[PDB]
Structures are given as C-alpha cells and as structure tokens.
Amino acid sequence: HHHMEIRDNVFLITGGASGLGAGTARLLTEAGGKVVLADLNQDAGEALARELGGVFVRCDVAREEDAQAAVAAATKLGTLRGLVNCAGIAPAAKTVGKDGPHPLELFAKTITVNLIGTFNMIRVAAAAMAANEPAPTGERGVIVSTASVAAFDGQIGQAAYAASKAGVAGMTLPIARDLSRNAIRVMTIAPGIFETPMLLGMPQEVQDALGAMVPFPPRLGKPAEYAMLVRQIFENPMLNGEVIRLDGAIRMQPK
C-alpha cells in the first residue's frame, strides 16, 4: 500500500461546476473516482455531472444546511475520501476608492464565501471522514483547499480576497493538527493565474499580457495542472499541513 486509491472512492468538489473545480472533477473521474459537484451553478453543474457520471448538489458553501446536504450525498454515493474546496469569488475594490472606503458588505461577502465557506465544508466533511475506516496507507480522508498567491502577494484592490485566502492558508496547520488523531491530512494549494471563467471581463489582450509576466511557463495555468497537484496530494501520504504555490514562479506586483 503506497498511496490512497482514487478509483472507486468518492470526492466532494466545491466550485465543481467551473474552472479549477471542474478540471479536478475531470481528472479524478478519469482516475476512476466518483465525484460530487457542489456549486451554485445548477445548469453547468448538472451538465458536468452528466458528462462525468457524478452527482450534482446545489450548494452555497457558506450555509450549514447546504454543506450537510453535499456531504450526505457523497457518503450515500460511497466512501468519502477527499474534499476539494474550489468555491470562491474574487472581487476587486480598494481600501479607499474613488467613492470612499471599501464597502463593508463586499469585504464580508468575500470572507464569507471564501473563508467561512471553506471552513464550513471542512468541518462537515471532516466529521464524516472521521467515521471512515482507514485506507491501507492510514488515511481516513484528505482535504485540499484553494488559497491563492494573493495570500502572500496581494495586489492593489485585493484586500478582501487576500484576507480571505491568507485565512485559508493560515488555518491549514491548525486543522491538520486538529484532524491528526482522525488520520485526515489537510493541504492547501495557492494558485497564481489560471485560465478559468474567474477571468471573464479581463479582455483577451490583458490575459495574454498577464501570461507573459509569468516567469515559466509564460502563460496562464490550465485547470488540469491544478488537478494534477490535487492528485499528488491525495497520493502522497507525507503531504500535510502545508501550502503549495502553483504559479510559474510569478510574484504579483501592486498593479
């Protein structure tokens, strides 16, 4: 027994209707995993579930009842071995802008979806995973969350997003410590800039220009490359309590 098996195990992916979550769903399905997609986007989520043979659950990650429903769907499908938190939003607003201070509700909403939502999915999924029998490598399950390089390199306009993502990154260690007796590993990925619908409203010129600023490779990341690192986290028993930058070595500048 060298690593946790993806084949025939269940993986709950928030934000699974789009972008990195969708790419993760595709790779885990190709590996024989069974996916539960938890997202607000019912049309895309149901469609992807049909394409992959998974289950779609309409889920606002910030709500207790929705996290419960998503986790219960996964445990009904089979043995829940992985949570991948990809649900997130990335608004921009300066601390002091042209119209006065950053609106409070905008900061709160960003924190609520990205940080409180991620914790909400973690706590519910962890409670369920703790009831599993250990796999042959010892794990009851593995939790992967998505931060961002903004946790470390926050740009002008990203105070809220950075706060939320640094929150996600910072809680990796205490959660790993909390769940060590349950044999659940806890990891975070901090992506740089990836080609997903999160970038809709960045004109194609500006996207290509941003790709060109990445040291190597000089392009936006593919969702599959995120997914590849998720799989490695699942498969490597020693990866725990850590945040991994996945960013072509970029360091984001103020603008």
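One rule holds for the numbers: they count along the sequence shown, beginning at 1.
Once the C-alpha B-factors are averaged per stretch, 193-201 and 25-33 rank with 193-201 first.
Comparing 77-85 with 171-179, the higher mean C-alpha B-factor in the PDB entry belongs to 77-85. Each of 52, 186, 227, 38 has a CA temperature factor in the record; the biggest one is found at 52. When the C-alpha B-factors of 100, 117, 154, 141 are ranked from the entry, the top spot goes to 100. Ranked within its chain, residue 104 lands in the middle third, by CA B factor from the PDB record. When all modelled residues of the chain are sorted by CA temperature factor, residue 90 is found within the middle third.
Residue-level temperature factors show residue 150 in the lowest third of its chain, judged at the C-alpha atom. Sort the modelled residues of the chain by CA B factor and residue 126 lands in the middle third. Annotation for residue 9: C-alpha temperature factor in the highest third relative to the rest of the modelled chain, per the entry.
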